[PDB]
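Chains as they are written, first to last, in our numbering: chain A, 46 to 261; chain B, 46 to 261; chain C, 46 to 261; chain D, 46 to 261. Encoded as structure tokens, the structure appears first; notes follow it.
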């Protein structure tokens, strides 16, 4: 059902082999084998660049690879040309109307040297508490490529709700800045010990942990 | 092969509906009966809402309508749920294990009610300052529509320095959200009465202030 | 011993998979397995880009492939970047001091549309005969890429000797022009029925046949 | 890794000898004992003449000499066989299944005796003309050194048109060879007394003439 788990950002040096993946859950997403790879550009329609794990519709260079082991589907660009910088998607089919997609993946031809993100989690201002409100920020910044996964945990348990996030914005130093938020009641704030904000960028994770207080 | 017609626009209002184009040939669409529509929310994975021209996928609002005759395929969206604003694509089978796509149509709901941003300045932090950095952040949330301009004060003087401000993500409904951030040192910090994040939107200006008297 | 038989010209469209090969003779060149691939540029030293059929010295992209079936060694560029236009060589090792090489192969990033060569075999001028001399020309021209194999046969038997050939020269229309020759005695000329000049260019051969005469 | 020193030049004369550089480090050359030299004739496959510093390959002139001490490796070529003019490269082992190369040295033999080109105009042909094309060709052969300039006459008038002339290949010894060719129609052909291919080389001008009276 719903989601295939698919990377944030993936990127190479133009000429370098870069392989993306999709993961799943056996059911739908296993040796119950289909799964297609789509390309996208700018602000455009999807475009099958693969189907049935590994077969291409026609007009696809060999370089475009498709593989599947266990729960996880691979798609390899075996010679990145600038044209290959684009957003990609894995999708799978589950009986009747269950046309599920992955999360995405953004392949970038590495312009800048590639920075990892400064995660900064903030507690609800004691004043905003005085106003009977609660909001926590994960300021994620200083990165390139500008595609990251964002998450929030309570007591090391996934905050399913209340969560919002920003799309990466260019900065005066050619970096990306995202921001995730969580809005609650002081009561929900008060009932725990640790609220985390965990972001991912290529093979780089950061969890930022924050804890409840009164300040007064 | 080639790919198939759609309109650059499509509108409506709370009720007012909209119907889209997907114009192909008897080689595809006009041939087989596999009209599928992908609801591309502004930088997202697709969420198909309809395949086989007419029968909605497992959880899609009883609202989307496959509407076709020969070489033309139409989506219909009655009762504009507004939370419909998105990129809408089509895909036709054309034999030999192949599909091709409708150009894309961008739905814009009208009669969306306007709101001013909730402003929240976030004070620099303990853990933060122990690393001896001082980062101030303005969460500019829940405003429609997505124009907003941010401005920092160092006391009275209009301060621009490390003041990085992101473009307004689409907010789990057609409310917007942007982030702002001042880069400071603990020193720059406590040498100043306040700091402010003046946010102006649709005439209405809101502005919050922070003082080093906090438990950070 | 001596030669591995290796193509004339090989070339792609930049982004397209291009595979070169080497052929041999079992003895030396068989399941008596080694064989290395070297690159070259401009006027420069060779450069191992592969060894032991398929292993790379370090600083070689995955794209660089190496394979061996039966008598024939493959080397595939799985994503040609302009930098990949260069001359290539296969080489094999035969006991003690037998470090044999292939003929070559030139990989070109296809600038021009790729032309095949106008072969034109000429008989010894009756006058040059009057001068007791014999020379035959294979004017090979109008091609791109400018790397061709040239050969000469007598009675459908390989002219081992007397043979010379020119390196491809650029022309006012950006084409290459080569010229092979054969010098003999009128006696050797007279003793046969058919002198051929057979040239190759990618998967395109032309044999040009000429026959002895007196003219008077 | 990196690659190793050689001189851009190396000379001698019929006797006079030459000795080359291959200067590396104790990581390679100065370490293991695998000094190998590749005799790159101007656009050719390598022909190794020496491996393991000193013992010549299976058929290499009893003339080439591996000459080394520590970090310097020298080839020596006594008794300049002139047919030695070529690009000369080295290669050092550096552990872990790896080799690296000497920059290249270009041997130039002096005291090479000079000769004027044998000129041969080739008359347009029967088979040729039956296809109704008229191609005239000048074989400019066996001249040292490789400067020669070609010139066509249409009767008396100096004619340039389709007169494509190639650069002088190296001729199975250090004699040179170039080709020239006039593009004509059978008509242009027989409307003219003669045609000539004036070839000037080192002061001496040679010029051959062709007339439609031939059995072509």
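Virtual Cβ for every residue (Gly too), placed ideally from N, Cα, C.
In the DSSP annotation of this structure, the continuous segment of the beta strand (DSSP E) that includes residue 228 of chain A starts and ends at 221-229. Cβ contact annotation for residue 47 of chain A (same chain, cutoff 8 Å, sequence separation greater than five): 145, in chain order. Residue 238 of chain D counts as exposed, since fewer than 16 other beta carbons sit within 10 angstroms of its beta carbon. Contact with chain A is absent for residue 107 of chain B, since none of that chain's Cβ atoms lies less than 9 Å from the residue's Cβ. Between residue 73 of chain C and chain D, the shortest Cβ-Cβ separation is not below 9 Å.
Listed in chain order, the positions of the segment 115-131 of chain A with a beta carbon within less than 8 Å of a beta carbon of chain C are 122, 123, 124, 125, 126, 128.
For residue 176 of chain B, the enclosing alpha helix (DSSP H) starts and ends at 171-176. DSSP, read as helix, strand or coil, puts residue 127 of chain C in helix. Take residue 91 of chain D, set aside five residues on each side of it, and the residues of its chain with a beta-carbon closer than 6 Å to its own are 83, 85, in chain order. Assignment of residue 209 of chain A by DSSP, reduced to helix, strand and coil, places it in the strand class. In the three-state DSSP reduction, residue 243 of chain B falls in the strand class (E or B). Pairing residue 131 of chain B with residue 105 of chain A, the inter-Cα distance amounts to about 29 Å. Interface annotation, residue 90 of chain B: in contact with chain A, CB-CB separation under 9 Å. Legend: CB atoms of the segment 58-71 of chain C lying less than 8 Å from CB atoms of chain A belong to residues 59, 60, 61, 62. Taking CB atoms only, residue 143 of chain B has a neighbour in chain A less than 9 Å away. Here residue 85 of chain A carries a strand assignment [DSSP, helix/strand/coil]. Look at the segment 156-169 of chain A: the residues with a C-beta under 7 Å from a C-beta of chain B are 165, 167.
Exposure of residue 58 of chain D is indicated by the presence of fewer than 16 other C-beta atoms within 10 angstroms of its C-beta.
Counted as a single uninterrupted DSSP element, the beta strand (DSSP E) harbouring residue 144 of chain C occupies residues 143-147. Shown here, residue 252 of chain D sits in a strand according to DSSP, grouped into three states.
Note: residue 133 of chain B is bridge-paired with B/84, B/150 in the DSSP secondary-structure output. Residue nearest to residue 140 of chain A within the set A/77, A/258, A/225 is A/77 (criterion: CA-CA distance). Residues of chain C with a Cβ closer than 9 Å to the Cβ of residue 186 of chain D are, in chain order, 180, 209, 226, 228. The continuous beta strand (DSSP E) containing residue 187 of chain C extends over residues 179-188. Residue pairing by DSSP places residue 54 of chain D opposite D/151 in a beta bridge.
Residues of chain B with a Cβ closer than 9 Å to the Cβ of residue 190 of chain A do not exist, since the nearest Cβ in that chain sits about 14 Å away.
One finds 142, 143, 144 in chain C with Cβ atoms closer than 8 Å to the Cβ of residue 102 of chain D, taken in chain order.
Neighbourhood of residue 259 of chain D in chain C, by CB distance below 9 Å: 170, 171, 172, 260, in chain order. The beta-carbon distance between residue 179 of chain A and residue 173 of chain A, rounded to whole angstroms, is 7 Å. This is short enough to meet the 8 Å contact definition. The beta carbon of residue 64 of chain C is closer than 6 Å to those of 119, 121 in its chain, skipping five residues each way along the sequence. For residue 183 of chain A, the number of other beta carbons within 10 angstroms of its own is at least 16, and it is reported as buried. Residue environment analysis places residue 216 of chain D among the buried positions, since at least 16 neighbouring C-beta atoms fall within 10 angstroms of its C-beta.
Looking from the CA of residue 154 of chain D, the closest CA among D/190, D/148, D/169 belongs to D/190. Chain order gives no chain C residues near residue 76 of chain D, where near means a beta carbon separation below 7 Å; the closest approach is about 17 Å. The C-beta distance from residue 226 of chain A to residue 186 of chain B rounds to 7 Å, short enough to fall under 8 Å.
Contact of residue 153 of chain C with chain D is not assigned, every C-beta pair being separated by 9 Å or more.
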